[PDB]
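Below is one structure, written out as structure tokens, with a few remarks after it.
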Amino acid sequence: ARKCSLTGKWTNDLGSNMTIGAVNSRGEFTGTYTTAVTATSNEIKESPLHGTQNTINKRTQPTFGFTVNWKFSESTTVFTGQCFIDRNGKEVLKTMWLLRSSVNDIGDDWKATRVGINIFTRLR
Amino acid sequence: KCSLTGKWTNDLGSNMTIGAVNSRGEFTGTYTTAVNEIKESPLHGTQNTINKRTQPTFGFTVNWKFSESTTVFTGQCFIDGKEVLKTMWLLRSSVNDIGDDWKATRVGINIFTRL
Amino acid sequence: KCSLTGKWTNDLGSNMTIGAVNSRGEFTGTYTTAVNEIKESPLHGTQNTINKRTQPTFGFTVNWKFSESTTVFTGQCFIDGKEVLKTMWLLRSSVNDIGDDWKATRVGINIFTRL
Amino acid sequence: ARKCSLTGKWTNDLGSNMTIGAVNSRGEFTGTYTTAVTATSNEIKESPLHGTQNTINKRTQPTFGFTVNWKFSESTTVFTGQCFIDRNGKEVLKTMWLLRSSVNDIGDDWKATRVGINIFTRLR
Ligand SMILES: *[C@@H]1O[C@H](CO)[C@@H](O)[C@H](O)[C@H]1NC(C)=O
Ligand SMILES: *[C@@H]1O[C@H](CO)[C@@H](O)[C@H](O)[C@H]1NC(C)=O
Ligand SMILES: *[C@@H]1O[C@H](CO)[C@@H](O)[C@H](O)[C@H]1NC(C)=O
Ligand SMILES: *[C@@H]1O[C@H](CO)[C@@H](O)[C@H](O)[C@H]1NC(C)=O
Ligand SMILES: Cn1c(=O)c2[nH]cnc2n(C)c1=O
Ligand SMILES: Cn1c(=O)c2[nH]cnc2n(C)c1=O
Ligand SMILES: Cn1c(=O)c2[nH]cnc2n(C)c1=O
Ligand SMILES: Cn1c(=O)c2[nH]cnc2n(C)c1=O
């Protein structure tokens, strides 16, 4: 079977794009995230990301996580998922995310986290 | 200014130490859980520097060294005069078959204070 | 007006039928998954009636009859001209010891269309 | 050991209160939710809830779920968790929730779900 590789340019269901560079032997990678929409009335852009792929047992379809450090807001998003070979033999990232808003008071902390999915496929 | 650097412990008794935060907001650390005895896994993340908030949001990934899983944590560094990290996490399990993907993600909270 | 009453199927191939929605917005139904063959569990929930929106939010609980677990789903009934339910769910597993509570909750999405 | 029972008045970490009535033999219950804060600039109140407790194997510490049908907004929250006897012998509900906002466009669906926890203890 193919190995599923994180390295490449990706697009998701919402029209956002993402690039991920080479993964080092420690499983670390950097990338960029170019977002389609926004929960702010601020314009979007490219924002950097950093994360790791799990290399335990050197699975062909590894789990990974990354953090997006939004450059156009005070928020942070983390993504986590797995690099699968799909039924049709394509690479697919199946991910879920938490979007953390900045709040001014610790008493608003409870409503500062949104959750959802994103499915990435390779954009050539 | 609530800062991520230092030694932390959470509501479950796990420990975490985080190094210096660089100008791009990036930091690395080690996450410590007990089952055997104690396990140590690297973590890497960033804090948000937009508006240079005294109470910044942040994120990090734990690359578990004892399983195939990955966890990401995100939240906000609060300063009352004690510092507290309020976080939520997603724990992604490895599945073999994409048909099992639906059940591979767990979610929860952790609250960290200085150890 | 996007309506919850009827027969639905999701992206995983599970089926769901929901009865009439009463004046308090309450409804009951049956949720159908395949493993054996097919299982049937009751569900109960409400749709939100504030402002009598054409595309209302809603929630429901599935009381699984084949395990000790419970799932809740919440989301919004959209009308494009096809009706689509966009939902997220939490699947709560039973643990024996409160010390295991942290890992008892999974999260995901389901999208339902008319069957 | 005690059985953990849903029936009663409860308070959580945020200061919200909740009542749950008798649970019927089908595991069904009704209740009310009186909330401390809000993600809206609307005032709070009492809102009804309905849900079920799992009775498979008649566990002493059952899982359950319920839906809160907010009367002061277009949103809906679902809660799910387990009724534990804690280390100190008290009943505790350990729950997690999804708060679904109403959006006007299906294209905003992605940011319409927030997530968090709530810990309930009996208020006498
Ligand atoms: C994603 O990449 C495609 C191919 O260049 C580009 O046309 C499209 O507009 C991109 N989407 C965003 C939101 O940048
Ligand atoms: C966490 O912190 C302290 C170290 O001061 C120790 O009591 C405890 O055993 C540690 N737990 C670990 C290493 O998981
Ligand atoms: C769901 O819907 C249709 C019934 O028309 C059927 O093809 C499929 O097998 C059903 N799946 C179940 C019952 O889980
Ligand atoms: C919860 O109940 C207590 C006891 O009556 C009451 O004083 C308190 O204000 C309630 N909290 C809310 C938000 O209603
Ligand atoms: C996950 N996610 C998105 O999918 C998105 N699209 C636009 N902003 C976005 N943000 C901030 C985000 O966190
Ligand atoms: C969040 N979290 C924990 O709190 C934990 N405790 C033990 N393993 C753990 N893992 C893998 C995890 O992701
Ligand atoms: C959401 N969900 C599912 O999609 C599913 N499929 C099979 N069991 C399932 N359970 C228990 C569940 O909660
Ligand atoms: C979970 N939750 C709360 O804890 C809360 N507090 C105030 N509104 C609230 N809402 C709408 C809510 O869904």
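Residue numbering restarts at 1 for every chain, and letters A, B, ... go by the order of the sequence lines.
Using a 4.5 Å cut-off between heavy atoms, C:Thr87 does not touch chain D at all. Heavy-atom distances place the backbone of C:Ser69, and not its side chain, under 4.5 Å from chain D. Of the atoms belonging to D:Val92, it is side-chain heavy atoms, and not backbone ones, that fall under 4.5 Å from chain C.
Applying the side chain to side chain donor-acceptor pair (under 3.5 Å) test to every pair with at least one member in residues 115-124 of chain D, sequence neighbours left out, gives these pairs: D:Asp13-D:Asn118, D:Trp97-D:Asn118.
C:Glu68 and D:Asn54 share no side-chain donor-acceptor pair at under 3.5 Å.
D:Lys94 and C:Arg92 get closest at one heavy-atom pair: O-NH1, 3.8 Å. In plain terms, the two heavy atoms of D:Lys71 and C:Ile50 that are nearest each other are O-CD1, 3.3 Å.
Between the OG1 atom of C:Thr49 and the CG atom of D:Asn69 there is a distance of 6.0 Å, given to the nearest 0.5 Å. A distance of 6.5 Å separates CZ of D:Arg87 from CD1 of C:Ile98, quoted to the nearest 0.5 Å. Taking CD of C:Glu26 as the start and NE2 of D:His50 as the end, the distance is 4.0 Å to the nearest 0.5 Å. The CD atom of D:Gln61 sits 8.0 Å away from atom OG of C:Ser94, with the distance rounded to the nearest 0.5 Å.
Ranked by non-hydrogen atom pairs under 4.5 Å with chain C, the options D:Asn104, D:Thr113, D:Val103 are led by D:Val103. Chain C forms more heavy-atom pairs under 4.5 Å with one residue of D:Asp86, D:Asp109, D:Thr76, D:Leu99 than with any other, namely D:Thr76.
Contact of the D:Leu98 side chain with the C:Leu90 side chain is registered, since non-hydrogen atoms from C-beta on lie closer than 4.5 Å.
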Between C:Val72 and D:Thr67, is the side-chain contact (heavy atoms from CB on, under 4.5 Å) condition met? List the steps. CA-CA 8 Å; C:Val72 292; D:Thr67 306; 5.7 Å; no
